[PDB]
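S.K.: Enclosed is the structure file run-v2.cif (mmCIF, C-alpha atoms).
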```cif
data_coords
loop_
_atom_site.group_PDB
_atom_site.id
_atom_site.type_symbol
_atom_site.label_atom_id
_atom_site.label_comp_id
_atom_site.auth_asym_id
_atom_site.auth_seq_id
_atom_site.Cartn_x
_atom_site.Cartn_y
_atom_site.Cartn_z
ATOM 1 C CA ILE A 1 -47.075 64.975 7.457
ATOM 2 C CA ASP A 2 -45.207 68.277 7.374
ATOM 3 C CA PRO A 3 -45.462 71.317 9.707
ATOM 4 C CA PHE A 4 -46.245 73.742 6.887
ATOM 5 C CA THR A 5 -49.629 72.505 5.830
ATOM 6 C CA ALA A 6 -52.151 70.924 8.149
ATOM 7 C CA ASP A 7 -52.097 67.348 6.924
ATOM 8 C CA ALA A 8 -55.620 66.143 7.372
ATOM 9 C CA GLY A 9 -57.681 67.637 4.599
ATOM 10 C CA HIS A 10 -56.274 65.327 1.997
ATOM 11 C CA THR A 11 -57.569 62.053 3.223
ATOM 12 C CA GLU A 12 -54.594 59.844 3.112
ATOM 13 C CA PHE A 13 -54.684 56.372 4.650
ATOM 14 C CA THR A 14 -51.755 53.991 5.042
ATOM 15 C CA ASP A 15 -52.599 50.969 2.966
ATOM 16 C CA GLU A 16 -51.023 47.765 4.195
ATOM 17 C CA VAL A 17 -50.798 43.981 3.842
ATOM 18 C CA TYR A 18 -48.952 41.426 5.909
ATOM 19 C CA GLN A 19 -46.988 38.904 3.938
ATOM 20 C CA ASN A 20 -46.117 35.701 5.785
ATOM 21 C CA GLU A 21 -44.319 32.385 5.619
ATOM 22 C CA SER A 22 -44.753 29.292 7.739
ATOM 23 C CA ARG A 23 -42.273 26.816 9.125
ATOM 24 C CA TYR A 24 -41.973 24.260 11.860
ATOM 25 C CA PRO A 25 -40.773 25.826 15.152
ATOM 26 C CA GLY A 26 -37.105 26.115 14.311
ATOM 27 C CA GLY A 27 -37.118 25.220 10.668
ATOM 28 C CA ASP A 28 -37.319 26.314 7.048
ATOM 29 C CA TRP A 29 -40.067 28.733 5.968
ATOM 30 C CA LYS A 30 -42.222 28.106 2.953
ATOM 31 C CA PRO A 31 -45.043 30.384 1.696
ATOM 32 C CA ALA A 32 -47.766 30.553 4.345
ATOM 33 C CA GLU A 33 -51.156 28.912 3.981
ATOM 34 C CA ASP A 34 -52.465 32.357 3.299
ATOM 35 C CA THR A 35 -49.481 34.283 1.955
ATOM 36 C CA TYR A 36 -51.028 37.737 1.996
ATOM 37 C CA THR A 37 -53.015 38.332 5.149
ATOM 38 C CA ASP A 38 -54.275 40.855 7.611
ATOM 39 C CA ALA A 39 -52.604 41.066 11.059
ATOM 40 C CA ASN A 40 -55.250 38.600 12.250
ATOM 41 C CA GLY A 41 -54.862 36.186 9.329
ATOM 42 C CA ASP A 42 -57.663 37.087 6.983
ATOM 43 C CA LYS A 43 -56.186 36.469 3.566
ATOM 44 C CA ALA A 44 -55.959 39.715 1.604
ATOM 45 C CA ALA A 45 -54.955 40.776 -1.910
ATOM 46 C CA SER A 46 -51.305 41.069 -2.823
ATOM 47 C CA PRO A 47 -49.501 44.453 -3.356
ATOM 48 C CA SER A 48 -49.526 44.033 -7.162
ATOM 49 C CA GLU A 49 -53.266 43.365 -7.149
ATOM 50 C CA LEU A 50 -53.477 46.343 -4.833
ATOM 51 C CA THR A 51 -54.086 49.234 -7.174
ATOM 52 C CA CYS A 52 -55.266 52.812 -7.059
ATOM 53 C CA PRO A 53 -59.017 53.292 -7.441
ATOM 54 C CA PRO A 54 -60.563 56.338 -9.162
ATOM 55 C CA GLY A 55 -59.956 59.073 -6.618
ATOM 56 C CA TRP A 56 -56.908 57.646 -4.928
ATOM 57 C CA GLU A 57 -53.321 58.579 -5.498
ATOM 58 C CA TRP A 58 -50.419 56.561 -4.193
ATOM 59 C CA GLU A 59 -48.262 58.585 -1.884
ATOM 60 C CA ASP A 60 -45.484 56.149 -1.089
ATOM 61 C CA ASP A 61 -43.234 54.422 -3.547
ATOM 62 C CA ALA A 62 -44.257 50.756 -3.737
ATOM 63 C CA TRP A 63 -44.912 48.458 -0.882
ATOM 64 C CA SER A 64 -42.027 48.584 1.507
ATOM 65 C CA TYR A 65 -41.874 47.054 4.982
ATOM 66 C CA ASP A 66 -43.144 48.795 8.074
ATOM 67 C CA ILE A 67 -40.487 49.451 10.664
ATOM 68 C CA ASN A 68 -42.583 51.981 12.565
ATOM 69 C CA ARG A 69 -43.854 49.139 14.717
ATOM 70 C CA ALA A 70 -42.556 46.662 17.231
ATOM 71 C CA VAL A 71 -41.231 44.480 14.432
ATOM 72 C CA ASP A 72 -37.966 42.874 13.296
ATOM 73 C CA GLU A 73 -35.561 44.916 11.164
ATOM 74 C CA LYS A 74 -37.242 43.564 8.134
ATOM 75 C CA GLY A 75 -40.714 43.834 9.674
ATOM 76 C CA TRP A 76 -41.156 40.153 10.513
ATOM 77 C CA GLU A 77 -43.270 39.639 13.639
ATOM 78 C CA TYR A 78 -43.142 36.644 16.021
ATOM 79 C CA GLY A 79 -46.155 34.550 15.285
ATOM 80 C CA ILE A 80 -45.908 31.384 17.204
ATOM 81 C CA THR A 81 -48.639 28.801 16.824
ATOM 82 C CA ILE A 82 -48.626 26.709 19.975
ATOM 83 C CA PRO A 83 -50.955 23.700 19.670
ATOM 84 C CA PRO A 84 -53.740 23.796 20.171
ATOM 85 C CA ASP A 85 -54.669 26.905 18.240
ATOM 86 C CA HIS A 86 -54.811 27.725 14.580
ATOM 87 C CA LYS A 87 -53.206 31.143 14.581
ATOM 88 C CA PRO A 88 -50.546 33.149 16.321
ATOM 89 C CA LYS A 89 -52.294 35.392 18.815
ATOM 90 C CA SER A 90 -49.084 36.941 19.977
ATOM 91 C CA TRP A 91 -46.495 38.955 18.019
ATOM 92 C CA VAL A 92 -43.042 40.183 19.130
ATOM 93 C CA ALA A 93 -40.261 42.099 17.316
ATOM 94 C CA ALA A 94 -37.625 39.340 17.480
ATOM 95 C CA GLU A 95 -37.049 36.346 15.246
ATOM 96 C CA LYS A 96 -37.379 33.565 17.767
ATOM 97 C CA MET A 97 -37.062 29.901 16.969
ATOM 98 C CA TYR A 98 -40.639 29.239 18.136
ATOM 99 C CA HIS A 99 -41.701 31.145 14.998
ATOM 100 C CA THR A 100 -44.250 28.941 13.261
ATOM 101 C CA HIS A 101 -45.377 32.050 11.441
ATOM 102 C CA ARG A 102 -43.943 35.461 10.793
ATOM 103 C CA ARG A 103 -45.454 38.294 8.885
ATOM 104 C CA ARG A 104 -44.854 41.857 8.095
ATOM 105 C CA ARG A 105 -46.754 44.826 6.887
ATOM 106 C CA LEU A 106 -45.825 45.970 3.459
ATOM 107 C CA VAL A 107 -46.694 49.613 3.513
ATOM 108 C CA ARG A 108 -47.949 51.905 0.908
ATOM 109 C CA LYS A 109 -49.876 54.866 2.141
ATOM 110 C CA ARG A 110 -52.214 56.577 -0.257
ATOM 111 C CA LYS A 111 -53.810 59.926 -0.432
ATOM 112 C CA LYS A 112 -56.941 61.274 -2.077
ATOM 113 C CA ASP A 113 -55.208 64.612 -2.103
ATOM 114 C CA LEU A 114 -58.757 65.748 -1.230
ATOM 115 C CA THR A 115 -59.507 66.925 -4.777
ATOM 116 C CA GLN A 116 -59.421 63.536 -6.581
ATOM 117 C CA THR A 117 -62.704 62.179 -5.261
ATOM 118 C CA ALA A 118 -64.317 65.353 -4.025
ATOM 119 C CA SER A 119 -67.390 65.163 -6.197
ATOM 120 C CA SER A 120 -69.527 62.097 -6.704
ATOM 121 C CA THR A 121 -71.541 60.833 -9.657
ATOM 122 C CA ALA A 122 -75.108 61.872 -8.851
ATOM 123 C CA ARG A 123 -77.679 59.438 -10.179
#
```
Show me this structure written as structure tokens.
M.R.:
Amino acid sequence: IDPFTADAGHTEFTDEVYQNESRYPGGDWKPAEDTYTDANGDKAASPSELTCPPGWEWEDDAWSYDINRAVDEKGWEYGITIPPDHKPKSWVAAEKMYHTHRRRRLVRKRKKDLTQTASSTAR
């Protein structure tokens, strides 16, 4: 994303994973039931396990936290699990006591730089 080259032909996608903790509403957090998750809750791989495939180049330096969203300073979103329900279906940018869950997107965008996987193994 610079105004000198037209940043599209590259294929770069922001790779992400929401880490979370769980606590009683107004309590002490422990690792969540599914620590690494998707925004919905689908357990995903962890940033270390998250590696570059043949054809993909990491663009960003490590997994950081995404602050380009309506999220807390450290990325933590307001996931309150009001019974009955299994998951937070609402997220807000403020650490509120009703937080049963909180999660944040660790970000590491990646880029194919177009040329890395440009040709495919023809069989």
S.K.: Within 8 Å of residue A:89, counting only C-alpha atoms, which residues qualify if same-chain residues fewer than 4 places away don't, as a PyMOL selection string?
M.R.: chain A and resi 40+79-81
S.K.: Once 8 Å is added on each side, what are the centre and the three edge lengths, in Å to one decimal, of the axis-aligned box enclosing the listed atoms of stretch 89-102 of chain A? Present them as JSON.
M.R.:
```
{"center_x": -44.7, "center_y": 35.5, "center_z": 15.4, "size_x": 31.2, "size_y": 29.2, "size_z": 25.2}
```
S.K.: Tell me which protein, DNA and RNA residues are within 12 Å of residue A:90, counting all atoms listed in the file, leaving out same-chain ones fewer than 5 positions away, and put them as an MDAnalysis selection string.
M.R.: chainID A and resid 39:40 77:82 85 98:103
S.K.: With all atoms listed in the file as the atoms that count, which of A:26, A:84, A:47, A:31 lies nearest to residue A:108?
M.R.: A:47
S.K.: Once the PyMOL selection byres ((chain A and resi 69) around 12) is applied to the coordinates I shared, what remains selected? I want it as a PyMOL selection string.
M.R.: chain A and resi 65-68+70-77+91-94+104-107
S.K.: Go through the shown structure with the PyMOL selection byres ((chain A and resi 113) around 10) and write out the matching residues as a PyMOL selection string.
M.R.: chain A and resi 7-12+55-59+110-112+114-118
S.K.: Between A:54, A:17, A:83, A:64, which one has atoms that come closest to residue A:119, using all atoms listed in the file?
M.R.: A:54
S.K.: Let me make sure I understand: among A:45, A:6, A:52, A:32, which one has the smallest atom-to-atom distance to residue A:109 if we use all atoms listed in the file?
M.R.: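 Using all atoms listed in the file, the shortest distance to residue A:109 belongs to A:52.
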